[PDB]
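Chain letters run A, B, ... following the sequence lines, proteins first and then strands; every chain starts at 1.
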Amino acid sequence: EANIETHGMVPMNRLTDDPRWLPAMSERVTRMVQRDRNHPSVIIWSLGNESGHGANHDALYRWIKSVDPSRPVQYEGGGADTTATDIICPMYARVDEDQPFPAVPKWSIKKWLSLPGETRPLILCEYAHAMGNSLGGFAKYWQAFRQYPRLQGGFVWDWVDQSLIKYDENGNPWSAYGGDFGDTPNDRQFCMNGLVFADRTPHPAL
Amino acid sequence: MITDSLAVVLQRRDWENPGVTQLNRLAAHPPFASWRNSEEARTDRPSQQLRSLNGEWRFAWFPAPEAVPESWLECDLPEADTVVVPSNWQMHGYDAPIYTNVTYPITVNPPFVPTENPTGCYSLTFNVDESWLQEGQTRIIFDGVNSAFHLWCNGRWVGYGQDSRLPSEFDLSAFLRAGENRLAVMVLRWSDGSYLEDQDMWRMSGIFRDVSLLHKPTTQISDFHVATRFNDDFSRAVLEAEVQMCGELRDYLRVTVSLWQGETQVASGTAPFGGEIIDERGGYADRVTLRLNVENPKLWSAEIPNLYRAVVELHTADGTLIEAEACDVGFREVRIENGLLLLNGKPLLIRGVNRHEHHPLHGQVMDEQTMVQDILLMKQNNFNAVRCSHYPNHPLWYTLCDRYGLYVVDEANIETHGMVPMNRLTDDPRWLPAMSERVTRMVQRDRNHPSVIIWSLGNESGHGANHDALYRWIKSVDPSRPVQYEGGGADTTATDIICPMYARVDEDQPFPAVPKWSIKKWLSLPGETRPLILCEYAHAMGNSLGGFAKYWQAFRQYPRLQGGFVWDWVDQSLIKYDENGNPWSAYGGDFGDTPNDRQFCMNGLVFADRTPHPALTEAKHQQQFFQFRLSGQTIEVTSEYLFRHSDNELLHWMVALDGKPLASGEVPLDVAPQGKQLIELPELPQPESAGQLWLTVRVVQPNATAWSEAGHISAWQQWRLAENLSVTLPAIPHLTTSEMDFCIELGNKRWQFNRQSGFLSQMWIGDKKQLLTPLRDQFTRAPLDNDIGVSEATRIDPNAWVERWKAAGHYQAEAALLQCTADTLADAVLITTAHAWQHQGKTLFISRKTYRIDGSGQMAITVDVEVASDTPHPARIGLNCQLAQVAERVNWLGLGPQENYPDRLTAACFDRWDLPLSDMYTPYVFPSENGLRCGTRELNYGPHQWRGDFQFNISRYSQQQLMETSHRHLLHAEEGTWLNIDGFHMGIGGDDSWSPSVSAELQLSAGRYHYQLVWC
Amino acid sequence: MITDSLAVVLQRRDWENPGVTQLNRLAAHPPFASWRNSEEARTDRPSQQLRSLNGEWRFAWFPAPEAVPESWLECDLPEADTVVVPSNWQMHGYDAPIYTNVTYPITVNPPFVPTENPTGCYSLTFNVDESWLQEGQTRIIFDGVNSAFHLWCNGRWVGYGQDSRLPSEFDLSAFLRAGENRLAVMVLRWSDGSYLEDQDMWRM
Ligand SMILES: OC(O)[C@H]1NC[C@H](O)[C@@H]1O
Ligand SMILES: OC(O)[C@H]1NC[C@H](O)[C@@H]1O
Ligand SMILES: [Mg+2]
Ligand SMILES: [Mg+2]
Ligand SMILES: [Mg+2]
Ligand SMILES: [Mg+2]
Ligand code: NA
Ligand code: NA
Ligand code: NA
Ligand code: NA
C-alpha cells in the first residue's frame, strides 16, 4: 500500500483531487511499484488509505495498471467501489445490515455484490475491529464468505496493539496508549486494536 | 540578501531538474479579470484591475546564466537595450532561431542542457498605485516564457516557472512597494522542459506572450467551472457552475451566477458557500455549485456559434459586490456514442487543419489581427476545426474560436520526438510530474471554452505509462470532452479516437510496432470500435495535396471516418533581408542554425504572410458543405450542415460551350441540415456549334457574415453535358532541303528543323524568330518536395522519386537521333523524327514524331513515346521550348484558374481562363515544378496557339533553374518564356512528404504514350 | 561554501512545498546488493559492496531547523549524544510521540507546517576504503526517514527526500574521500509530506 493517507482533510479528498498534489502522490505510488514489483507475495497494490476519492487516485490507478498488469489495484476511499479500485474493498461493512451514509454508504456486503452494474469481487480491506474485548459476530462474516463466491474474505483490523512501554517510578514497565506521553490532542486507547498485545501475546479474540 | 543573489539562485540549477518545474507559482485557473463591477464583467469591458505590462522593456543577452552580473538584480544594465515585449529575442537578432525537426537542438542528455545556455535578462521599471498594496493580492501573469525563467521583484527572488506555453503567475503582494518597482526576469533558452518541447518548429525563446498584473481582493473567486447538461433532444439545459473561493469564509458571503444572452438575463442563481457532502469528512465549505435551468438554449456549434455570457459575482448577503468574473458559455454536448463523435447529438465531420502559432516577422508572438485573419481564411475555405499543434495557444485564440465557430483540439505542450525510443521520458515515472503539469494546467486554464471539444495529450512522444495516467486524469476531471493522443500507434489505451498521422486511404504502411493501416482497414480491425479522425493528414509541403479528394470520398462514405486535420495551416518561413533591404522568405539553415532541417518547416496551405497556396482551393472544394449530383436535368443539392438551414445561400448555374456562356440562372437554396433539394434546370439550348457543353454551379452567400463578405462562394461543381463532335472539313508549304536543316516556307512564315539534332530549331513570323531554345521532349520535372521525400535533412530516402530519377539518369539522359526525314505531300509537308534517350547504354525513352505543316499554316505534331518498363516512371511526357516572346497574358481553355495537377484538379473548372503571366507561376519558397494547368484544349500566348488535350505550364523560369535554386528570391527571369506542354504528367502526391506518396494510378506506368498537338 | 550553509539550504523551505519531494535522489529500483560473484548472488550471501551503517550515530535534537548551529555541518556538536540508528528519537525521550487518529498533529494549513518543527541532527564519521572511490559509484541508501531530511556529506549539501516509508538513495561518489568521512542528516518531524501521512498510528 502506498504511503498516502489524508484522512484529516475536510473533505477527505481535498489534496487527492488537487493536481498540485499529483506529483507528490505519484512518487508515493510509483516508487513503491518500482521497489516491490518482483516480490511474489505482493499480489495486490493499494493506492493508500482514507484519502477520499480524487482524480489523482484515478490517474495513479491507471498508471499501475499500465506498468504492472500482473496485480490488481484496490483502494477503499470514496466509498470502496470507485473507478480507482478493481476490488470492492470496504472497511467495516456489515454482513446483513446496511449503513446508508450520504455519499459513501457502507452497504451490507451481500447486498453490495448484487447492486446493478456491480461485478467486482468484494474483499474487506478492514473488518472486525479488534479493539479490546471484541470480534463479536466474527463467525457471521465467515459464514457469509463461505456461502457467497464473490465475498472473498477480508483483512481484520488489526494485528498488534499499538501500545508503548513506559516505566513507573520504581522501574516497572507498563503499557501506555494515547495521551500517556503528554501528547495532546490524542485519541487515547484507540491505537490498541490488535488481535495480539504489543509483546505479541494473543488476545482471546485470536 | 545572500539568498536572492544569482550565485545562490542559480546554484540549484532548477532548469536541469524535472522534479522542479516551478517555484512559488500560483495555481492555474480560467482567465480572470477581477471586475469590481458586474455590468463591466457582463459586457467584457477592460478591467482596471488587470494591468498590461507589454511594451518597452530593457533587455540584455548573455551566452550563459553565469555570465549575468549581480548588479542586474538591482539596477538596469547600461549595456541593456530597449525592446518590445512580448517578443522572441531571436527575431531581434540576439542569437539565431533554430529550425530542427526531430533532432533536439541540444545534446541529448536529460535532464541536463548545455552550459552555453542563452539567457535573456528582461527588466521593467513600473509604477504600482498605492491602493493595490493596502488591500488585496497583486499577482503577475506571464502568459508565455520560453523556455524557463527566474523572477526577481525589487531585487528579491520571487519564483521560477516552466512550460513555455501556459501562464506562470506569481504573488507579488509582499514584494511590491509604493512608487517605482522593478522586475528582473532571467529567461533561459534551454531547460529540462526543453526535452518535452521538441515540436517540429522554429526553436525560439523569450517573453513571447503577454505580461500582466492582476489585482484581486483577499477574499476572491479562485476558480470556476461551467458544465452544461442536456435532455435527449437538447430542449432543456442545466448550466452547472462550480465556484471556488480563497480567503476568509464568512457567513454573509454569497455567489450569484447569472446567464445572459445579448442583453436578456436568462438564468440566475444565488447561494452561500458550501458544497454537498463529498465523503466521510464532509464537503467543500469554500465551494458552491449553482444549477441554472435554460429552456430551449441556443446551442453552440461551428456552424452557429451561439454564446451566452455567464457572470460570477462574489458578493455579501446584503448585496455588496466584492469581485466578478465571467466567461462566454456555449451550450453543446460532445460525446462519442456507438463509435461516433457526436456534437449536439449529430455526428461530426471534421474539416480540420493543424495550426502553429507562427508569424514571419514576430516569430512565435501571436496578435489578435493575425488570429482573426487565420480564422476568417479558415472558415472561408470550409474548415470547421483546428488542432493546436502542439501546445496551448494564446488565450485569445479560444475566445475567437468560441465567437467565430471553430472546433478546437487543445493539446498539451509535450513532444519528446527526438528521444530514442520516443517514449523514453513518457514511460519514466520521474518525468510524470513534469508531464502532469503540462496536461493539468492546460485543462484548468481552458476547460470553460466551448470551442475546445477534444483534449490532446501532446504529440510524438511514443506511448508511455504517463500518457495512460494523464488520459485517465482528464477523463476523471473533465468527462465532457474526449481525449486523443496519436503516439505509439494512434490507437492505444490513451486515446478515445483512432487519430493516426498520414495513414493512407487504401494503402497499408506496415511499420513494425506502429503500423499505419489504411484508415478504412483500421476501423474494422478485430475489437476496434472507436471513430477515426486523422490528427494529421495531407502533408501540404509545397506543391502538394495530391490525392486529397480520395480522403474526402472516404470520409463521406464511411461513418466512423469522421475527418481529420490537414498538416498544416501556415508556412513557418521567416523574413530575412538582402543587402539592399529587400525581404525574402527564409527557412531552415538560413540563420546559421545547424543542424537544421531546411525547407521542412514550410508545410502550409498558406504562405507565412497568409497568401494562399494553390492547394487551399482544393481543400475548400473537397470540404464544401454542399454536395451535388446531376441526374439528367436535375441538380440534387445535399447539405452537410448538421444544425443550420441554408439561409444565406444562392445557387448560380451556368451552361457554357467551351468557355462561351449559353445559359445561366439563379436558384435560392432551401435545404435542411443533412437534407436534399432538387433543382430542375430549364430547357438548355442544344447548340449547333461543335464542342462540349459544361454545366457549372456555385453556391454564393448573398449576405456577409462575421467571417465572409457578401458574394462569397462556398461550394461549386461542374459536369459535362451533351457533346457534339465536329465532323466539318477544312497555298502549299515549300520545303527547302539543306544538308544541315529542313526549312518549310509558307507565306511570311518559316519552320526550321535541324537535321543533325532532329528538332524544330527555329520558327519565323514575319522577320522575327520565335524560339530561343528548340522544341524538345522533356521527361523530367524540377522536383517537388514530395518528389524529394525528405523530412530529416540527414536521411535520404533511396526510394524517393527524385533519387530514383537521378539514379536512372533521367536528368542526364542524352537524345540519340534515330531518324529525321522530310516528305512533300500534295497539300503539306511531313517531317518524321525518332529519338532515343539513353544513360550509360540504356535506352530510357524513345520518341517518335511527325510534324505535318499544311497550307493553312498549322503544324500538326504527333508524338508516340515508349518508356522502358524497368526505368522509374517519368514525371512527365511532353515538350518544352523557350519562346522568344514575353507576353503579358496567358489565355487558354482548360481546367481552373489556379494551378492544378492530375492528383489535385477537382477544384479546378473547365472554362476560358485569362491571367497575367505572373499568375501562371506559383512562388513556392523552395522552388519546384509549379503552375501546371491540366485538361487544356487550347492555349494562347501572344500570337501562338496550341490545341489538343494537354497539360501546360508557362513562366520565365526553366525547369533547370527551378531545380537548381533553393529559394524563390534567388530566381531570375530568363530572357523568353519557357513553355512546357505535357501530354502526360505524374501526380504530385502528398499523403506524406517523406516517402513515395503518388498513388499507382497517377504514375506514368503505361509504357507507351501518345499525344497530338496543333501549333497555330 | 555559501551554498552548502544552513542559511542557504533552509531558505527555500523545501519541507513546505509539495512541488519539491526530493532533490538529487536517485531512481527507485528493486533491492540491490551488487554482487561481484554470481555464486554469492545465487546463495544470497552478504555482499561486501553493500555496507551497513546502522549502529552508533551522534544525535542532537532541536526545536526547529533554524536553531541548528552552522558548525554542525563541519564537526560533531559537543552536546550531541550517541544513539543507535535506526531508531525513532521519541523512543529515546527527545520529544513525545503523539497518538492522533484523524486530526492532524499540526495545524491544518497545507503545504505549511509549524515553525516549531522538531529537528533531529544525525551524524556519522565513517571510513570509506579507497577502492570504492577509484572506480564505480558509491550511493547511500536511507530505507526510511520520517518525515523529511536534508543530507550533507563532508560539509557539502547532497540532497533532500520525503516519503517516510520508501528508500531515499543519493550518489556520494563526488562527496566521499579516502580516510574519515562524515554524514550530517537533518531530519524534520513535519513536512508537506506529513499531509500525506495521516495514518491512525503513533506519530514519530
Ligand atoms: O506532428 C507534426 O508536428 C509533424 N508530423 C509531420 C509534420 O511535418 C511535423 O513534423
Ligand atoms: O484505516 C485504518 O487505519 C483506520 N480504520 C479504523 C481503524 O481503527 C483505523 O483508524
Ligand atoms: Mg526543471
Ligand atoms: Mg515531431
Ligand atoms: Mg516538500
Ligand atoms: Mg485514518
Ligand atoms: Na467466497
Ligand atoms: Na485505531
Ligand atoms: Na464519415
Ligand atoms: Na514539418
Side-chain angles (χ1 to χ4, degrees), chain B residues 303-304 351 376-377 379-384 405 556 616-689 691-724 893-898 900 905-915 935:
Chain B
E303 310 171 20
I304 307 182
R351 304 148 154 87
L376 295 194
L377 279 175
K379 294 192 67 77
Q380 285 162 21
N381 290 278
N382 292 329
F383 292 91
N384 56 15
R556 290 186 169 102
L616 183 58
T617 184
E618 186 83 354
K620 174 175 180 177
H621 174 59
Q622 289 299 321
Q623 296 174 170
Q624 66 187 22
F625 290 91
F626 295 104
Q627 296 295 129
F628 304 94
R629 300 196 315 104
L630 174 76
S631 309
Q633 275 305 85
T634 321
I635 309 158
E636 154 202 280
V637 186
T638 306
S639 180
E640 301 197 343
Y641 286 108
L642 308 176
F643 312 117
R644 63 175 297 265
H645 190 86
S646 63
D647 65 341
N648 190 25
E649 272 83 14
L650 184 58
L651 195 291
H652 287 110
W653 60 266
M654 168 170 133
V655 176
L657 176 64
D658 290 331
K660 306 161 326 208
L662 291 180
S664 51
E666 316 199 9
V667 169
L669 288 185
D670 191 3
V671 50
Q674 302 181 279
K676 295 158 80 287
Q677 169 177 341
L678 294 166
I679 293 181
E680 191 162 32
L681 301 169
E683 192 161 325
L684 313 180
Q686 343 291 348
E688 29 56 73
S689 21
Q692 178 72 60
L693 279 181
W694 290 85
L695 170 71
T696 306
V697 307
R698 312 189 239 102
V699 175
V700 183
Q701 305 181 349
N703 306 323
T705 73
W707 54 270
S708 76
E709 305 317 317
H712 171 75
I713 294 150
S714 65
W716 64 96
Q717 179 64 40
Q718 181 173 53
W719 297 268
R720 285 161 157 256
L721 302 192
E723 180 166 31
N724 275 44
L893 185 59
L895 286 192
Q898 291 183 56
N900 58 84
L905 41 68
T906 68
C909 296
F910 190 88
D911 218 335
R912 186 157 301 261
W913 304 109
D914 188 282
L915 300 187

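Shown here are the side-chain hydrogen bond (donor to acceptor under 3.5 Å, both in side chains) partners of B:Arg720, two or more places apart in sequence or in another chain: B:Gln692. The ring pair (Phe, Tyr, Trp, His ring centres under 6.0 Å) test applied to B:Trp694 returns B:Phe910, not counting sequence neighbours. Residues satisfying the ring pair (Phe, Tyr, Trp, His ring centres under 6.0 Å) criterion with B:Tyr641, sequence neighbours excluded, are B:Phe625, B:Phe626. Applying the side chain to side chain contact (heavy atoms under 4.5 Å, CB included) rule to B:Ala908 yields the partners B:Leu895, B:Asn900; only residues at least two apart in sequence or on another chain are considered. Qualifying salt bridge (charged side-chain N to carboxylate O under 4.0 Å, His left out) partners for B:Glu636, counting only residues two or more places apart in sequence or in other chains: B:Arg629, B:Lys676.
Annotation: side chain of B:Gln623 is not in contact with side chain of B:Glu640 (no heavy-atom distance under 4.5 Å).
In terms of heavy-atom proximity, B:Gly659 sits nearest to B:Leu893 at N-CD1, 3.9 Å. Nearest heavy-atom pair, B:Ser639 versus B:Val671, reported as atom, atom and distance to 0.1 Å: CB-CG2, 3.4 Å. The shortest non-hydrogen separation linking B:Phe383 to B:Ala619 is CZ-CB, 4.0 Å.
Applying the salt bridge (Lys or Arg N to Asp or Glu O under 4.0 Å) definition to pairs two or more places apart or across chains, those involving residues 648-675 of chain B are B:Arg644-B:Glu649.
Rounding to the nearest 0.5 Å gives a distance of 7.5 Å between CG of B:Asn382 and CZ of B:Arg351.
The closest side-chain donor-acceptor pair between B:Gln624 and B:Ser714, if any, does not fall under 3.5 angstrom.
Within 6.0 Å of the CD atom in B:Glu709, the count of heavy atoms belonging to other residues, nucleotides or ligands does not exceed 12. Atom CZ of B:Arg698 has 12 or fewer heavy atoms from other residues, nucleotides or ligands within 6.0 Å.
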